[PDB]
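start_1.txt (compact mmCIF, C-alpha atoms and all ligand atoms) appears below.
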# COMPACT_ATOMS: atom_id res chain seq x y z
CA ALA G 1 96.36 122.53 74.82
CA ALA G 2 99.72 121.31 76.12
CA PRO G 3 99.21 119.86 79.61
CA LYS G 4 100.15 122.06 82.55
CA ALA G 5 101.92 121.04 85.71
CA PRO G 6 99.74 120.82 88.80
CA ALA G 7 100.16 122.64 92.08
CA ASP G 8 103.04 121.90 94.40
CA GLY G 9 102.47 119.72 97.43
CA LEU G 10 101.33 116.60 95.58
CA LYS G 11 101.58 113.68 97.98
CA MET G 12 102.75 110.33 96.64
CA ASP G 13 100.99 108.07 99.11
CA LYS G 14 100.81 104.56 97.73
CA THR G 15 102.96 103.45 100.68
CA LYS G 16 103.32 104.07 104.38
CA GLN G 17 106.33 106.32 103.59
CA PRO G 18 104.63 109.06 101.58
CA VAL G 19 106.65 111.67 99.70
CA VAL G 20 105.69 115.14 98.56
CA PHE G 21 106.41 116.01 94.91
CA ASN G 22 106.74 119.64 93.82
CA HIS G 23 106.71 120.41 90.13
CA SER G 24 108.20 123.85 90.76
CA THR G 25 111.59 122.32 91.70
CA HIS G 26 111.56 120.03 88.65
CA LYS G 27 111.22 122.48 85.78
CA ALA G 28 114.68 121.77 84.32
CA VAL G 29 113.51 118.23 83.63
CA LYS G 30 111.30 117.83 80.35
CA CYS G 31 107.81 116.61 81.30
CA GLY G 32 108.30 113.37 79.35
CA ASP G 33 111.40 112.41 81.27
CA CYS G 34 108.91 111.44 84.05
CA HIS G 35 105.53 111.23 82.27
CA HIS G 36 107.37 109.03 79.87
CA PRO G 37 106.47 107.42 76.58
CA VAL G 38 104.37 104.27 76.75
CA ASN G 39 103.47 102.90 73.31
CA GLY G 40 105.28 105.95 72.03
CA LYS G 41 102.92 108.38 73.80
CA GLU G 42 103.95 110.40 76.85
CA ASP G 43 101.70 109.05 79.59
CA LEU G 44 100.23 111.37 82.23
CA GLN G 45 98.51 108.69 84.31
CA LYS G 46 99.46 108.22 87.94
CA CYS G 47 102.67 106.17 88.14
CA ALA G 48 101.03 103.30 90.05
CA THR G 49 98.03 102.94 87.72
CA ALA G 50 97.04 99.36 87.11
CA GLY G 51 99.31 97.94 84.41
CA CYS G 52 101.99 100.54 85.20
CA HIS G 53 104.11 100.62 88.40
CA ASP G 54 101.44 98.85 90.38
CA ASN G 55 103.48 96.21 92.25
CA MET G 56 103.72 97.26 95.87
CA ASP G 57 106.33 94.57 96.53
CA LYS G 58 109.34 96.76 97.26
CA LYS G 59 111.60 93.82 96.38
CA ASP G 60 110.45 93.59 92.77
CA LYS G 61 113.03 95.04 90.34
CA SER G 62 111.06 94.44 87.16
CA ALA G 63 109.65 97.58 85.62
CA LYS G 64 106.27 97.22 87.38
CA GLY G 65 107.87 97.52 90.78
CA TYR G 66 106.84 100.86 92.29
CA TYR G 67 109.71 101.09 94.78
CA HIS G 68 112.12 100.12 92.01
CA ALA G 69 110.80 102.85 89.71
CA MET G 70 111.37 105.50 92.39
CA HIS G 71 114.73 104.34 93.88
CA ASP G 72 116.93 102.40 91.47
CA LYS G 73 119.81 103.23 89.15
CA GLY G 74 120.27 101.77 85.71
CA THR G 75 116.63 102.31 84.71
CA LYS G 76 115.41 103.23 81.25
CA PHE G 77 114.06 106.48 82.63
CA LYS G 78 115.79 108.16 85.55
CA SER G 79 114.30 107.35 88.93
CA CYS G 80 113.83 109.91 91.67
CA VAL G 81 116.89 108.62 93.54
CA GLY G 82 118.95 107.97 90.43
CA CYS G 83 118.66 111.51 89.14
CA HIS G 84 119.19 112.91 92.61
CA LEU G 85 122.42 110.85 93.05
CA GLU G 86 123.76 112.38 89.84
CA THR G 87 122.65 115.85 90.95
CA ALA G 88 124.28 115.62 94.37
CA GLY G 89 127.59 114.24 93.07
CA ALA G 90 130.22 114.26 95.84
CA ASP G 91 128.47 116.96 97.86
CA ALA G 92 127.60 115.22 101.18
CA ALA G 93 125.06 117.87 102.17
CA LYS G 94 123.19 117.45 98.93
CA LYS G 95 123.52 113.69 99.17
CA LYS G 96 121.75 113.84 102.55
CA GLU G 97 119.08 116.29 101.39
CA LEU G 98 118.33 114.67 98.05
CA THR G 99 119.24 110.97 98.47
CA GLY G 100 119.05 110.17 102.19
CA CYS G 101 116.77 107.34 103.20
CA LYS G 102 115.56 109.27 106.25
CA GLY G 103 115.77 112.92 107.25
CA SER G 104 115.83 113.93 103.56
CA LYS G 105 113.60 116.09 101.46
CA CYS G 106 111.93 112.89 100.22
CA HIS G 107 111.58 111.06 103.55
CA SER G 108 111.44 113.89 106.05
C1 LIG G 201 105.98 119.28 82.54
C2 LIG G 201 105.73 120.78 82.62
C3 LIG G 201 105.06 118.47 83.33
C4 LIG G 201 103.70 118.35 83.23
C5 LIG G 201 102.75 118.97 82.21
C6 LIG G 201 103.26 117.48 84.30
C7 LIG G 201 101.96 117.19 84.61
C8 LIG G 201 101.50 116.45 85.68
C9 LIG G 201 100.11 116.24 86.00
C10 LIG G 201 98.96 116.77 85.19
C11 LIG G 201 100.10 115.53 87.14
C12 LIG G 201 98.91 115.02 87.93
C13 LIG G 201 98.51 113.61 87.50
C14 LIG G 201 97.30 113.04 88.28
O1 LIG G 201 96.30 112.76 87.63
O2 LIG G 201 97.33 113.05 89.52
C15 LIG G 201 101.45 115.24 87.50
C16 LIG G 201 101.87 114.45 88.56
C17 LIG G 201 103.16 114.06 88.80
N1 LIG G 201 104.24 114.47 88.09
FE1 LIG G 201 104.29 115.77 86.57
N2 LIG G 201 104.34 117.04 85.03
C18 LIG G 201 105.42 117.64 84.45
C19 LIG G 201 106.72 117.36 84.84
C20 LIG G 201 107.13 116.42 85.76
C21 LIG G 201 108.52 115.99 85.95
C22 LIG G 201 109.66 116.60 85.19
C23 LIG G 201 108.47 114.93 86.81
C24 LIG G 201 109.58 114.09 87.26
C25 LIG G 201 110.78 114.81 87.83
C26 LIG G 201 107.06 114.78 87.18
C27 LIG G 201 106.61 113.87 88.12
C28 LIG G 201 105.29 113.76 88.56
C29 LIG G 201 104.89 112.89 89.64
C30 LIG G 201 105.79 111.95 90.39
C31 LIG G 201 103.57 113.08 89.78
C32 LIG G 201 102.65 112.33 90.72
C33 LIG G 201 102.16 111.04 90.05
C34 LIG G 201 101.81 109.93 91.01
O3 LIG G 201 101.90 110.06 92.24
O4 LIG G 201 101.31 108.91 90.47
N3 LIG G 201 106.31 115.66 86.51
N4 LIG G 201 102.27 115.83 86.61
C1 LIG G 202 104.96 108.48 86.96
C2 LIG G 202 105.37 109.92 86.83
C3 LIG G 202 105.95 107.50 86.46
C4 LIG G 202 107.26 107.31 86.86
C5 LIG G 202 108.09 108.12 87.81
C6 LIG G 202 107.73 106.20 86.04
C7 LIG G 202 109.04 105.73 86.08
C8 LIG G 202 109.53 104.70 85.31
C9 LIG G 202 110.92 104.23 85.37
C10 LIG G 202 111.97 104.81 86.27
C11 LIG G 202 111.02 103.24 84.45
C12 LIG G 202 112.19 102.37 84.11
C13 LIG G 202 112.26 101.08 84.89
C14 LIG G 202 113.37 100.13 84.48
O1 LIG G 202 113.47 99.08 85.14
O2 LIG G 202 114.09 100.40 83.48
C15 LIG G 202 109.72 103.08 83.85
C16 LIG G 202 109.42 102.12 82.91
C17 LIG G 202 108.13 101.83 82.43
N1 LIG G 202 107.00 102.47 82.82
FE1 LIG G 202 106.90 104.12 84.01
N2 LIG G 202 106.79 105.73 85.22
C18 LIG G 202 105.70 106.51 85.44
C19 LIG G 202 104.47 106.32 84.81
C20 LIG G 202 104.12 105.24 84.03
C21 LIG G 202 102.76 104.97 83.62
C22 LIG G 202 101.58 105.86 83.88
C23 LIG G 202 102.78 103.74 83.02
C24 LIG G 202 101.66 102.92 82.52
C25 LIG G 202 100.84 103.56 81.46
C26 LIG G 202 104.19 103.29 83.03
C27 LIG G 202 104.65 102.17 82.38
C28 LIG G 202 105.97 101.82 82.24
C29 LIG G 202 106.45 100.77 81.40
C30 LIG G 202 105.59 99.88 80.51
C31 LIG G 202 107.81 100.79 81.52
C32 LIG G 202 108.78 99.91 80.80
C33 LIG G 202 109.25 100.49 79.51
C34 LIG G 202 108.27 100.20 78.40
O3 LIG G 202 107.94 99.03 78.19
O4 LIG G 202 107.55 101.14 77.99
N3 LIG G 202 104.92 104.23 83.66
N4 LIG G 202 108.87 103.97 84.39
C1 LIG G 203 110.52 111.13 91.74
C2 LIG G 203 109.01 111.05 91.70
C3 LIG G 203 111.10 112.31 92.42
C4 LIG G 203 110.89 112.79 93.69
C5 LIG G 203 110.00 112.19 94.77
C6 LIG G 203 111.69 113.97 93.83
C7 LIG G 203 111.71 114.75 94.95
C8 LIG G 203 112.44 115.90 95.12
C9 LIG G 203 112.51 116.72 96.30
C10 LIG G 203 111.72 116.39 97.55
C11 LIG G 203 113.33 117.74 96.05
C12 LIG G 203 113.74 118.90 96.92
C13 LIG G 203 112.97 120.17 96.55
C14 LIG G 203 111.48 120.06 96.88
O1 LIG G 203 111.22 120.13 98.08
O2 LIG G 203 110.67 119.89 95.98
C15 LIG G 203 113.82 117.56 94.71
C16 LIG G 203 114.73 118.39 94.07
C17 LIG G 203 115.32 118.16 92.85
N1 LIG G 203 115.09 117.12 92.05
FE1 LIG G 203 113.74 115.65 92.37
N2 LIG G 203 112.41 114.18 92.70
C18 LIG G 203 112.05 113.21 91.81
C19 LIG G 203 112.59 113.03 90.57
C20 LIG G 203 113.62 113.74 90.00
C21 LIG G 203 114.23 113.42 88.73
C22 LIG G 203 113.85 112.24 87.90
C23 LIG G 203 115.24 114.38 88.55
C24 LIG G 203 116.27 114.49 87.49
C25 LIG G 203 115.93 113.90 86.15
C26 LIG G 203 115.19 115.24 89.70
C27 LIG G 203 115.97 116.36 89.88
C28 LIG G 203 115.87 117.24 90.92
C29 LIG G 203 116.65 118.46 91.04
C30 LIG G 203 117.66 118.92 90.03
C31 LIG G 203 116.29 119.02 92.21
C32 LIG G 203 116.83 120.27 92.85
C33 LIG G 203 118.08 119.96 93.69
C34 LIG G 203 118.49 121.02 94.68
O3 LIG G 203 119.66 121.03 95.10
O4 LIG G 203 117.59 121.72 95.21
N3 LIG G 203 114.22 114.80 90.56
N4 LIG G 203 113.26 116.45 94.16
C1 LIG G 204 117.44 105.46 100.70
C2 LIG G 204 118.22 104.66 99.70
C3 LIG G 204 116.00 105.20 100.73
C4 LIG G 204 115.30 104.12 101.21
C5 LIG G 204 115.86 102.85 101.86
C6 LIG G 204 113.92 104.35 100.93
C7 LIG G 204 112.93 103.55 101.38
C8 LIG G 204 111.60 103.69 101.10
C9 LIG G 204 110.53 102.83 101.58
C10 LIG G 204 110.81 101.70 102.55
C11 LIG G 204 109.39 103.22 101.00
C12 LIG G 204 108.03 102.61 101.17
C13 LIG G 204 107.94 101.27 100.39
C14 LIG G 204 106.69 100.49 100.71
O1 LIG G 204 105.97 100.07 99.76
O2 LIG G 204 106.39 100.32 101.91
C15 LIG G 204 109.71 104.35 100.15
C16 LIG G 204 108.81 105.03 99.33
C17 LIG G 204 109.15 106.05 98.47
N1 LIG G 204 110.36 106.64 98.40
FE1 LIG G 204 112.06 106.11 99.37
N2 LIG G 204 113.77 105.53 100.27
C18 LIG G 204 115.00 106.08 100.15
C19 LIG G 204 115.25 107.30 99.59
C20 LIG G 204 114.31 108.05 98.91
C21 LIG G 204 114.59 109.33 98.33
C22 LIG G 204 115.86 110.12 98.57
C23 LIG G 204 113.47 109.70 97.57
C24 LIG G 204 113.26 110.93 96.80
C25 LIG G 204 114.31 111.16 95.76
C26 LIG G 204 112.52 108.60 97.75
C27 LIG G 204 111.27 108.52 97.15
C28 LIG G 204 110.30 107.59 97.45
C29 LIG G 204 108.98 107.60 96.85
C30 LIG G 204 108.53 108.54 95.79
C31 LIG G 204 108.26 106.66 97.50
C32 LIG G 204 106.83 106.31 97.35
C33 LIG G 204 105.90 107.22 98.18
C34 LIG G 204 104.47 106.75 98.17
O3 LIG G 204 103.82 106.64 97.11
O4 LIG G 204 103.98 106.39 99.29
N3 LIG G 204 113.06 107.66 98.56
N4 LIG G 204 111.05 104.60 100.23
Kindly transcribe the structure held in the file into structure tokens.
Ligand code: HEM
Ligand code: HEM
Ligand code: HEM
Ligand code: HEM
Amino acid sequence: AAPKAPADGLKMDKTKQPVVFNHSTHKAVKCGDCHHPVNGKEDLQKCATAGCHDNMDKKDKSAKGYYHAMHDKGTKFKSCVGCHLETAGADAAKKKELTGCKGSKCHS
């Protein structure tokens, strides 16, 4: 059957700055905008699976860079921060909540 979203409260914890991901706040986003095509097939593996976004060098801006995939603009798929920047627009409160590097809903 079509895959179902998991429970809220999923911790992304590849790094020492873990972030909690809630599917319930991301329903307006098609599943494949995140679990994106790889070889033409929407891929439901963990983002940092070997051969995926497995480089824990936060300086790497090639596709395999995990930090890059979560923070950067101009990516083939929207990143967490990229989409949130667009969402917040000029609203400073939303910029803080959704894009702040600290004291945000990502990095609380
Ligand atoms: C769309 C309704 C949708 C589905 C289906 C889906 C499924 C899904 C599963 C099954 C997992 C768990 C994977 C595992 O084995 O741990 C999972 C995890 C994450 N998802 Fe998801 N997901 C759906 C939608 C979305 C959307 C729209 C996004 C992006 C805004 C998204 C993101 C994530 C993230 C991040 C994770 C955690 C993966 C990781 O830490 O490696 N999902 N999803
Ligand atoms: C996990 C939900 C997950 C996220 C989030 C994610 C994001 C992501 C972005 C933002 C890009 C674009 C980067 C750029 O520099 O343009 C991107 C690109 C690729 N990804 Fe990814 N990705 C997630 C999951 C996965 C998984 C599970 C794999 C490996 C099976 C994977 C692989 C790739 C590849 C390859 C690319 C480059 C585009 C292409 O060659 O297909 N991603 N991802
Ligand atoms: C990438 C894996 C990613 C993360 C991490 C993330 C986090 C996140 C948080 C913490 C919130 C606040 C709500 C909550 O506590 O769950 C939030 C809210 C929104 N997001 Fe997000 N988000 C990630 C990815 C994406 C992507 C790729 C998009 C757009 C394509 C997106 C969008 C949104 C929207 C919209 C919201 C709600 C905003 C509001 O004002 O409440 N996110 N996300
Ligand atoms: C603001 C532009 C901002 C910064 C800077 C930032 C930094 C940061 C670091 C240093 C890490 C850990 C990297 C490492 O490997 O040690 C990290 C990790 C994640 N972040 Fe972040 N972050 C900034 C902003 C945001 C925002 C607003 C979100 C959510 C939209 C977000 C998301 C993430 C995710 C996801 C991770 C990985 C969590 C994990 O797997 O441990 N960041 N960030």
>> Can you pull out the residues contacting region 88-105 of chain G? Cut-off 10 Å, using all atoms listed in the file, and skip same-chain residues under 5 positions away; I want them as a PyMOL selection string.
In response: chain G and resi 19-21+71+80-83
Quick one: which chain G residues come within 10 Å of ligand LIG 202 (chain G), and what is the nearest atom pair for each with the distance in Å to one decimal, counting only C-alpha atoms and all ligand atoms, rows ordered by chain and ascending number, as CSV?
residue,atom,partner,partner_atom,distance
G:31,CA,G:LIG202,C2,9.0
G:32,CA,G:LIG202,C2,8.7
G:33,CA,G:LIG202,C5,8.5
G:34,CA,G:LIG202,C2,4.8
G:35,CA,G:LIG202,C2,4.7
G:36,CA,G:LIG202,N2,6.3
G:37,CA,G:LIG202,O4,6.5
G:38,CA,G:LIG202,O4,4.6
G:39,CA,G:LIG202,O4,6.5
G:40,CA,G:LIG202,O4,8.0
G:41,CA,G:LIG202,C25,9.3
G:42,CA,G:LIG202,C22,8.7
G:43,CA,G:LIG202,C22,5.3
G:44,CA,G:LIG202,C22,5.9
G:45,CA,G:LIG202,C22,4.2
G:46,CA,G:LIG202,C22,5.2
G:47,CA,G:LIG202,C1,3.5
G:48,CA,G:LIG202,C22,6.7
G:49,CA,G:LIG202,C22,6.0
G:50,CA,G:LIG202,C24,7.4
G:51,CA,G:LIG202,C24,5.8
G:52,CA,G:LIG202,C24,3.6
G:53,CA,G:LIG202,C26,6.0
G:54,CA,G:LIG202,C24,8.9
G:60,CA,G:LIG202,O1,9.9
G:61,CA,G:LIG202,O1,6.6
G:62,CA,G:LIG202,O1,5.6
G:63,CA,G:LIG202,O1,4.1
G:64,CA,G:LIG202,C28,6.9
G:65,CA,G:LIG202,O1,8.1
G:66,CA,G:LIG202,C7,8.2
G:67,CA,G:LIG202,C10,9.6
G:68,CA,G:LIG202,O1,7.1
G:69,CA,G:LIG202,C10,4.1
G:70,CA,G:LIG202,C10,6.2
G:71,CA,G:LIG202,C10,8.1
G:72,CA,G:LIG202,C10,7.6
G:73,CA,G:LIG202,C10,8.5
G:74,CA,G:LIG202,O2,6.7
G:75,CA,G:LIG202,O2,3.4
G:76,CA,G:LIG202,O2,3.8
G:77,CA,G:LIG202,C10,4.5
G:78,CA,G:LIG202,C10,5.1
G:79,CA,G:LIG202,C10,4.4
G:80,CA,G:LIG202,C5,7.1
G:81,CA,G:LIG202,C10,9.6
G:82,CA,G:LIG202,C10,8.7
G:83,CA,G:LIG202,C10,9.9
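The spacing separating atom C28 of ligand LIG 203 (chain G) from CA of residue 26 (chain G) amounts to 5.6 Å.
Residues with any atom within 8 Å of region 4-17 of chain G, counting only C-alpha atoms and excluding same-chain neighbours fewer than 6 positions away, are residues 23, 24, 48, 56 and 107 of chain G.
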> What is the distance, in Å and to one decimal place, between atom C21 of ligand LIG 204 (chain G) and CA of residue 106 (chain G)?
Replying inline: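 Spanning atom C21 of ligand LIG 204 (chain G) to CA of residue 106 (chain G) is a straight-line distance of 4.8 Å.
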Around region 7-12 of chain G, fit a box with edges along x, y and z, padding it by 3 Å on each side, then list its centre and edge lengths in Å to one decimal as JSON.
{"center_x": 101.6, "center_y": 116.5, "center_z": 95.0, "size_x": 8.9, "size_y": 18.3, "size_z": 11.9}
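For the choices G:108, G:55, G:3, G:84, the atom-to-atom distance to residue 29 (chain G) is smallest for G:84 when using all atoms listed in the file.
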